[PDB]
């Protein structure tokens, strides 16, 4: 699945007077009387998986719309269904945490643009001239995608303290006794000079068949003309993988895990790109 982390808020144009959309409260209040929102020829549904994670599905197949309306019992317990059965439509997955979200979509699952329309059509309260915004903060990438990147700048290599290479790096700096119980992790922030492309080193570390990292964040351009964008990558890709026997609740655990790993980066991104949100 393609995955990313986003800010959410509603605001005047040019991001003036950003305010929280209370996304968890909003969505949780919709569940008791749960119906699709139709948008053009598309039908969109939200269903809870657990406290922080929702299943966001989409279809334009009227016979699937029919089956969902008549399968009221299959509709209410989905936490332990296979994600790839697509009984509720093409799936995307939404992890909610205050003014930030995590979001993962299958090939045909709904988009954050769809999610914006869902929130409008479901009755997001909005002043005149106020609109809902879902702002990308970081994008999840894979190893083959990294190999096609046009430009790579600052690359940050995160090493959990349990990795052997963690003790290697401290030792070469002069550490004689590393008590792993004291440490969470270390980061190697590899900073280019000027706007120089360090994609050869960055690619060499990321494609190492003996990966010496737990996670990697890098600033990159996919193509010429793209904006410098923060990407993240897990050694255990997990969320990149195909669905295959995974259950909706297992994806929601993967996402809470991913958000915990990245939370420090997320809020860093949040405060620079977005600024403050009330509340």
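Numbering follows the first chain given and starts at 1.
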On mean Cα temperature factor in this entry, is 69 to 77 or 138 to 146 the higher one?
69 to 77
Avg C-alpha B-factor, entry values, 27 to 35 vs 231 to 239, higher side is 231 to 239
So, residue 192's CA B-factor, relative to its chain, sits in which third? The middle
Of the three thirds of Cα B-factor ranks in this chain, residue 40 occupies the lowest
Split the chain's modelled residues into thirds by Cα B-factor; residue 60 lands in the middle
Using the B-factors in the PDB entry, rank residue 3's C-alpha atom against the chain and give the third, lowest, middle or highest.
middle
Looking at the C-alpha B-factor of residue 215, is it in the lowest, middle or highest third of its chain?
middle
